[PDB]
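Before any comments, here is the structure.
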Amino acid sequence: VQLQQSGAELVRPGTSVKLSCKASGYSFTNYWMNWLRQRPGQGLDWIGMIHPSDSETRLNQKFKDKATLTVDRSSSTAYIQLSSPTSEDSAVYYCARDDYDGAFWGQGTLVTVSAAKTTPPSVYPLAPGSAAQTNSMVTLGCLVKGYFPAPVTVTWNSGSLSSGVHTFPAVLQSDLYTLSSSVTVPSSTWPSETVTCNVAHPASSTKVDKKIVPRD
Amino acid sequence: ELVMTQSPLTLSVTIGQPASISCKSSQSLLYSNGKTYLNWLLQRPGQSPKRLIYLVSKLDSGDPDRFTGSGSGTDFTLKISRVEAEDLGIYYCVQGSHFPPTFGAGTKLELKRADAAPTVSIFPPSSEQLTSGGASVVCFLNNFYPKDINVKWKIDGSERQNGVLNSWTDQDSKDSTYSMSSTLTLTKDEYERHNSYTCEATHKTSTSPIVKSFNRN
Ligand SMILES: N#Cc1ccc([C@@H]([C@H](O)Cc2ccc(F)cc2)n2cncn2)cc1
């Protein structure tokens with residue numbers, strides 16, 4: 001058995017999108033096909049289900065005006081169309097079977113709802129605010145703000161600074177992604193030695209460096 | 001809609017030791033046919049959810065006998081006799097007796113370790129960002145444990161919470177600590193209206209507020 005789900009989707013808010021789930025290894029028209037959702041870092045939500053035999057549908061009322069379920073028995077593919085998707089609809093969509101004969105889930109489809117066009121991040125230096133240095137260690141960082149789509153890759157000194165690094169997961173906020181990264185080095189290393197974060201954003205074909213200058 | 005309640009939301013475990021997760025339903029799950037529709041799924045990182053137990057205690061093909069589901073009515077339990085690395089992830093309970101089926105919030109398994117105070121650092125907006133008209137103040141609270149931390153931004157004494165973005169790392173694969181980032185973004189004008197910016201964390205490793213501040217002077 002196997003449920004093959006379609007690729008990631010970038011959807012403009014207020015428009016629409018339709019995802020597919022191709023089944024194989026069992027009789028498509030013999031069991032209900034479920035559709036679930038998992039928004040960023042949240043739990044699971046059952047959207048509804050469809051029986052490919054007659055395209056009969058049972059929807060969680062919470063999605064009645066959001067999801068339309070259909071099927072194509074010819075290619076044993078299940079479809080879910082989302083109407084007027086908003087930022088609140090961004091999430092990983094799963095089709096699945098959970099019945100007496102089996103429990104199978106597709107690999108999932110990522111749907112990001114944003115009006116943003118490809119946008120390189122604005123990289124900003126995070127330098128201590130000339131506030132004490134009684135610490136043996138010094139923490140610096142880079143704020144990678146307002147980019148789209150995800151992801152970006154951040155390194156410090158071109159991979160020379162590996163340990164002592166924390167590159168936080170990106171958060172999708174107001175149509176754009178924002179992420180930060182910290183690095184800690186001894187007081188004898190910075191600023192006597194240069195510390196630079198390198199942010200690469202594949203989608204916009206950009207790779208920029210931002211040297212962390214001591215707080216003037 | 002049936003409210004499913006799981007506890008704890010985060011379960012600290014030790015590889016080799018047993019684990020127990022709770023799932024309570026707002027209404028009885030015993031359906032009119034003598035069956036109680038409650039299943040348990042495990043979602044490993046980067047993976048799709050996978051059912052492990054169905055109808056309260058029936059184990060899915062392959063599921064190690066280390067797993068045991070039990071309960072009845074509105075109270076159910078999932079037990080692992082001895083946690084293994086492969087068991088790590090997020091466990092969900094789901095009821096199918098009341099339409100529409102609803103899932104518990106999920107219980108993530110995390111490794112146990114000793115308490116660790118966070119290392120807090122605060123950073124003022126960059127002149128580059130100020131040129132663009134914005135002002136993001138960043139605070140890093142690193143390598144602490146447990147995961148429970150209460151962070152507040154205090155501007156000249158009062159807590160302000162207008163424009164905030166928090167991000168948390170996954171439990172560190174090496175030291176089992178957690179790290180957190182908190183960014184307070186104001187417009188350049190709003191920023192220049194205050195003087196003392198403070199990142200204040202309340203954590204079990206201290207009976208006093210853990211603070212780091214900077215004055216716009
Ligand atoms: N009330 C009710 C109700 C409505 C629909 C169903 C569904 C299915 O189990 C729902 C489900 C999906 C994923 C999962 F992880 C757990 C459960 N279904 C039934 N037959 C085939 N699918 C079940 C109960």
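Letters A, B, ... go to the chains of the structure tokens in the order shown; residues in each chain start at 1; ligands are counted from 1 in the same order.
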
Chain B contacts to chain A at 8 Å (only C-alpha atoms) as a PyMOL selection string: chain B and resi 47-51+99-106+121-126+128-129+138+140+165-169+179-181+213-214

Spatial neighbours of range 52-67 of chain B, max dist 7 Å, only C-alpha atoms, sep filter under 2 positions, as a list in words: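 Once the nearby chain positions are removed, what remains is residues 36, 37, 38, 39, 40, 41, 42, 50, 69, 70, 71, 79, 80, 81 and 82 of chain B.
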
Take the residues from that selection and put them in a file with N, CA, C and O atoms, as a short mmCIF file (atom, residue, chain, number, x, y, z; two decimals), in the first residue's frame.
```
data_model
loop_
_atom_site.label_atom_id
_atom_site.label_comp_id
_atom_site.auth_asym_id
_atom_site.auth_seq_id
_atom_site.Cartn_x
_atom_site.Cartn_y
_atom_site.Cartn_z
N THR B 36 -15.02 1.01 21.74
CA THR B 36 -14.53 2.33 22.12
C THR B 36 -13.50 2.78 21.09
O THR B 36 -12.39 2.25 21.03
N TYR B 37 -13.87 3.76 20.28
CA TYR B 37 -13.00 4.25 19.22
C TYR B 37 -11.91 5.24 19.67
O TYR B 37 -12.13 6.45 19.71
N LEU B 38 -10.75 4.69 20.00
CA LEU B 38 -9.60 5.48 20.43
C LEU B 38 -8.31 4.85 19.93
O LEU B 38 -8.03 3.68 20.22
N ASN B 39 -7.53 5.62 19.18
CA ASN B 39 -6.26 5.15 18.64
C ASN B 39 -5.10 6.02 19.08
O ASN B 39 -5.30 7.14 19.56
N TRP B 40 -3.89 5.50 18.91
CA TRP B 40 -2.68 6.22 19.27
C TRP B 40 -1.74 6.21 18.08
O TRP B 40 -1.51 5.17 17.48
N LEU B 41 -1.20 7.38 17.75
CA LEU B 41 -0.27 7.50 16.64
C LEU B 41 1.05 8.07 17.13
O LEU B 41 1.11 8.79 18.13
N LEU B 42 2.12 7.73 16.43
CA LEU B 42 3.43 8.25 16.77
C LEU B 42 3.94 8.97 15.53
O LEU B 42 3.94 8.40 14.44
N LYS B 50 1.79 7.88 12.38
CA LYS B 50 1.60 6.46 12.15
C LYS B 50 0.89 5.81 13.33
O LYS B 50 1.38 5.86 14.46
N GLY B 69 -1.74 -0.13 25.21
CA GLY B 69 -2.78 0.88 25.31
C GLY B 69 -3.84 0.35 26.24
O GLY B 69 -4.16 -0.84 26.22
N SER B 70 -4.39 1.22 27.08
CA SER B 70 -5.42 0.80 28.00
C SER B 70 -6.43 1.89 28.33
O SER B 70 -6.31 3.03 27.87
N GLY B 71 -7.43 1.53 29.13
CA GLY B 71 -8.44 2.48 29.53
C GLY B 71 -9.86 2.13 29.12
O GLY B 71 -10.14 1.03 28.63
N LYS B 79 1.36 3.12 27.36
CA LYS B 79 2.57 2.85 28.12
C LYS B 79 3.65 2.19 27.29
O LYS B 79 3.37 1.39 26.40
N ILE B 80 4.90 2.57 27.57
CA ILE B 80 6.06 2.01 26.90
C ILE B 80 6.84 1.40 28.06
O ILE B 80 7.22 2.11 28.99
N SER B 81 7.06 0.09 28.02
CA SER B 81 7.77 -0.59 29.10
C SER B 81 9.21 -0.11 29.24
O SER B 81 9.71 0.05 30.35
N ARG B 82 9.86 0.13 28.11
CA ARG B 82 11.25 0.58 28.09
C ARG B 82 11.52 1.40 26.83
O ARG B 82 11.66 0.86 25.74
#
```

Atom pair CA of residue 14 in chain B / CA of residue 114 in chain B: separation (Å): 12.0 Å

Distance of CA of residue 114 in chain A from CA of residue 148 in chain A, expressed in Å to one decimal place: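 Value for the CA of residue 148 in chain A-CA of residue 114 in chain A distance: 9.0 Å.
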
Distance query residue 187 in chain A at most 9 Å, only C-alpha atoms, self and fewer than 5 positions along chain excluded, as a VMD selection string: chain A and resid 133 135 to 138 192

Backbone DSSP call of strand (DSSP E or B) for chain B, listed as number ranges by chain: B: 4-7, 10-13, 19-25, 30, 36, 38-43, 50-54, 58-59, 67-72, 75-80, 90-95, 102-103, 107-111, 116, 119-123, 134-145, 150-155, 158-159, 164-168, 178-187, 196-202, 210-215

All residues 8 Å or closer to range 202-211 of chain A, only C-alpha atoms, same chain fewer than 2 positions away omitted, as a list in words: residues 118, 119, 120, 123, 124, 125, 142, 148, 149, 151, 152, 194, 195, 196, 197, 198, 199, 200 and 213 of chain A

Residue 113 in chain B environment, 9 Å, only C-alpha atoms, sequence neighbours closer than 3 positions dropped, as a PyMOL selection string: chain B and resi 12+14+116+145-146+175-177

Non-local contacts of residue 119 in chain B (8 Å; only C-alpha atoms; under 6 positions in same chain excluded) as an mmCIF file with C-alpha atoms, in the first residue's frame:
```cif
data_model
loop_
_atom_site.group_PDB
_atom_site.id
_atom_site.type_symbol
_atom_site.label_atom_id
_atom_site.label_comp_id
_atom_site.auth_asym_id
_atom_site.auth_seq_id
_atom_site.Cartn_x
_atom_site.Cartn_y
_atom_site.Cartn_z
ATOM 1 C CA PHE B 140 18.757 34.745 23.094
ATOM 2 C CA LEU B 141 18.224 32.457 26.068
ATOM 3 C CA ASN B 142 20.538 29.495 25.486
ATOM 4 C CA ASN B 143 21.109 25.931 26.640
ATOM 5 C CA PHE B 144 18.646 25.683 29.479
#
```

Mind checking which residues fall within 8 Å of residue 30 in chain B, counting only C-alpha atoms, ignoring those fewer than 2 positions away in the same chain, and posting them as a PDB file with N, CA, C and O atoms, in the first residue's frame?
```pdb
ATOM      1  N   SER B  28     -17.674  10.280  27.114  1.00  0.00           N
ATOM      2  CA  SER B  28     -17.353   8.864  26.980  1.00  0.00           C
ATOM      3  C   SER B  28     -17.201   8.437  25.531  1.00  0.00           C
ATOM      4  O   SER B  28     -17.982   8.843  24.670  1.00  0.00           O
ATOM      5  N   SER B  32     -22.291   2.848  20.813  1.00  0.00           N
ATOM      6  CA  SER B  32     -23.430   1.944  20.908  1.00  0.00           C
ATOM      7  C   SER B  32     -23.213   0.464  20.544  1.00  0.00           C
ATOM      8  O   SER B  32     -24.084  -0.364  20.813  1.00  0.00           O
ATOM      9  N   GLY B  34     -20.583  -1.437  21.669  1.00  0.00           N
ATOM     10  CA  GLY B  34     -19.700  -2.087  22.620  1.00  0.00           C
ATOM     11  C   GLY B  34     -18.236  -1.776  22.384  1.00  0.00           C
ATOM     12  O   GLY B  34     -17.368  -2.205  23.147  1.00  0.00           O
ATOM     13  N   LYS B  35     -17.959  -1.025  21.323  1.00  0.00           N
ATOM     14  CA  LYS B  35     -16.591  -0.653  20.993  1.00  0.00           C
ATOM     15  C   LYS B  35     -16.273   0.790  21.355  1.00  0.00           C
ATOM     16  O   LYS B  35     -17.133   1.670  21.285  1.00  0.00           O
ATOM     17  N   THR B  36     -15.021   1.014  21.744  1.00  0.00           N
ATOM     18  CA  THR B  36     -14.530   2.332  22.120  1.00  0.00           C
ATOM     19  C   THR B  36     -13.495   2.778  21.092  1.00  0.00           C
ATOM     20  O   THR B  36     -12.385   2.250  21.032  1.00  0.00           O
ATOM     21  N   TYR B  37     -13.871   3.755  20.278  1.00  0.00           N
ATOM     22  CA  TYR B  37     -12.998   4.253  19.224  1.00  0.00           C
ATOM     23  C   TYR B  37     -11.914   5.236  19.667  1.00  0.00           C
ATOM     24  O   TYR B  37     -12.126   6.448  19.706  1.00  0.00           O
ATOM     25  N   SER B  72     -10.751   3.091  29.331  1.00  0.00           N
ATOM     26  CA  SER B  72     -12.154   2.934  28.979  1.00  0.00           C
ATOM     27  C   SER B  72     -12.916   4.199  29.353  1.00  0.00           C
ATOM     28  O   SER B  72     -12.467   4.985  30.189  1.00  0.00           O
ATOM     29  N   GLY B  73     -14.060   4.402  28.718  1.00  0.00           N
ATOM     30  CA  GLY B  73     -14.856   5.571  29.020  1.00  0.00           C
ATOM     31  C   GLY B  73     -14.241   6.848  28.495  1.00  0.00           C
ATOM     32  O   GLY B  73     -14.277   7.115  27.295  1.00  0.00           O
ATOM     33  N   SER B  97     -15.441   8.056  17.924  1.00  0.00           N
ATOM     34  CA  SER B  97     -16.788   7.715  18.369  1.00  0.00           C
ATOM     35  C   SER B  97     -17.758   8.867  18.132  1.00  0.00           C
ATOM     36  O   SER B  97     -18.947   8.651  17.875  1.00  0.00           O
TER      37      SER B  97
END
```

Pairwise distance for CA of residue 174 in chain B and CA of residue 111 in chain B, rounded to one decimal in Å: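 Atom-to-atom, CA of residue 174 in chain B to CA of residue 111 in chain B, that is 10.7 Å.
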
Top pick for closest residue to ligand 1, considering B:78, B:9, B:201, B:29 and counting only C-alpha atoms and all ligand atoms: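 Ranking B:78, B:9, B:201, B:29 by distance to ligand 1, first place goes to B:29.
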
Residue list (helix (DSSP H, G or I), DSSP) for range 14-216 of chain A, as a ChimeraX atom specification: /A:28-30,61-63,87-89,157-159,202-204

File of the preceding selection, N, CA and C atoms, as a PDB file, in the first residue's frame:
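The result, stored in again-v8.pdb:
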```pdb
ATOM      1  N   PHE A  28      -8.923   1.190  -4.441  1.00  0.00           N
ATOM      2  CA  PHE A  28      -9.224   2.579  -4.131  1.00  0.00           C
ATOM      3  C   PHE A  28     -10.670   2.810  -3.701  1.00  0.00           C
ATOM      4  N   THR A  29     -11.614   2.246  -4.448  1.00  0.00           N
ATOM      5  CA  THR A  29     -13.031   2.426  -4.149  1.00  0.00           C
ATOM      6  C   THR A  29     -13.602   1.580  -3.011  1.00  0.00           C
ATOM      7  N   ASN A  30     -12.749   0.877  -2.274  1.00  0.00           N
ATOM      8  CA  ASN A  30     -13.227   0.047  -1.176  1.00  0.00           C
ATOM      9  C   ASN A  30     -13.155   0.663   0.212  1.00  0.00           C
ATOM     10  N   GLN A  61     -17.597  20.068   9.870  1.00  0.00           N
ATOM     11  CA  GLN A  61     -18.271  21.333   9.577  1.00  0.00           C
ATOM     12  C   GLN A  61     -17.356  22.546   9.605  1.00  0.00           C
ATOM     13  N   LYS A  62     -16.265  22.430  10.350  1.00  0.00           N
ATOM     14  CA  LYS A  62     -15.289  23.505  10.473  1.00  0.00           C
ATOM     15  C   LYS A  62     -14.612  23.823   9.135  1.00  0.00           C
ATOM     16  N   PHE A  63     -14.696  22.894   8.184  1.00  0.00           N
ATOM     17  CA  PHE A  63     -14.075  23.072   6.872  1.00  0.00           C
ATOM     18  C   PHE A  63     -15.078  23.077   5.722  1.00  0.00           C
ATOM     19  N   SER A  87      -3.768  32.850   5.456  1.00  0.00           N
ATOM     20  CA  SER A  87      -2.514  32.514   6.109  1.00  0.00           C
ATOM     21  C   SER A  87      -2.780  31.444   7.155  1.00  0.00           C
ATOM     22  N   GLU A  88      -4.013  31.400   7.638  1.00  0.00           N
ATOM     23  CA  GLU A  88      -4.375  30.427   8.650  1.00  0.00           C
ATOM     24  C   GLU A  88      -4.503  29.032   8.056  1.00  0.00           C
ATOM     25  N   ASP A  89      -4.502  28.947   6.729  1.00  0.00           N
ATOM     26  CA  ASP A  89      -4.611  27.653   6.079  1.00  0.00           C
ATOM     27  C   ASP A  89      -3.264  27.047   5.725  1.00  0.00           C
ATOM     28  N   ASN A 157      31.524  32.251   9.693  1.00  0.00           N
ATOM     29  CA  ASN A 157      32.885  32.242   9.187  1.00  0.00           C
ATOM     30  C   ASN A 157      33.095  31.105   8.196  1.00  0.00           C
ATOM     31  N   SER A 158      32.101  30.927   7.330  1.00  0.00           N
ATOM     32  CA  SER A 158      32.120  29.906   6.287  1.00  0.00           C
ATOM     33  C   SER A 158      32.297  28.499   6.838  1.00  0.00           C
ATOM     34  N   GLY A 159      31.611  28.211   7.941  1.00  0.00           N
ATOM     35  CA  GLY A 159      31.699  26.893   8.541  1.00  0.00           C
ATOM     36  C   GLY A 159      32.835  26.717   9.530  1.00  0.00           C
ATOM     37  N   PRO A 202      18.714  30.417  -1.492  1.00  0.00           N
ATOM     38  CA  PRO A 202      18.581  29.735  -2.783  1.00  0.00           C
ATOM     39  C   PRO A 202      17.586  30.344  -3.772  1.00  0.00           C
ATOM     40  N   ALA A 203      16.334  30.484  -3.350  1.00  0.00           N
ATOM     41  CA  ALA A 203      15.287  31.035  -4.208  1.00  0.00           C
ATOM     42  C   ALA A 203      15.654  32.350  -4.905  1.00  0.00           C
ATOM     43  N   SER A 204      16.267  33.282  -4.174  1.00  0.00           N
ATOM     44  CA  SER A 204      16.655  34.574  -4.746  1.00  0.00           C
ATOM     45  C   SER A 204      18.098  34.578  -5.246  1.00  0.00           C
TER      46      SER A 204
END
```

Using only C-alpha atoms and all ligand atoms: which of B:130, B:74, B:22, B:92 has the shortest distance to ligand 1: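 Distance minimum relative to ligand 1 lands on B:92.
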
Residue nearest ligand 1 among B:154, B:44, B:98, B:24 (counting only C-alpha atoms and all ligand atoms):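 Comparing B:154, B:44, B:98, B:24 against ligand 1, the winner is B:98.
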
Residue nearest ligand 1 - candidates B:95, B:187, B:77, B:17, atoms counted: only C-alpha atoms and all ligand atoms: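 Of all the options, B:95 lies closest to ligand 1.
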
Among listed residues B:93, B:11, B:186, B:85, nearest ligand 1 (using only C-alpha atoms and all ligand atoms):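 Comparing B:93, B:11, B:186, B:85 against ligand 1, the winner is B:93.
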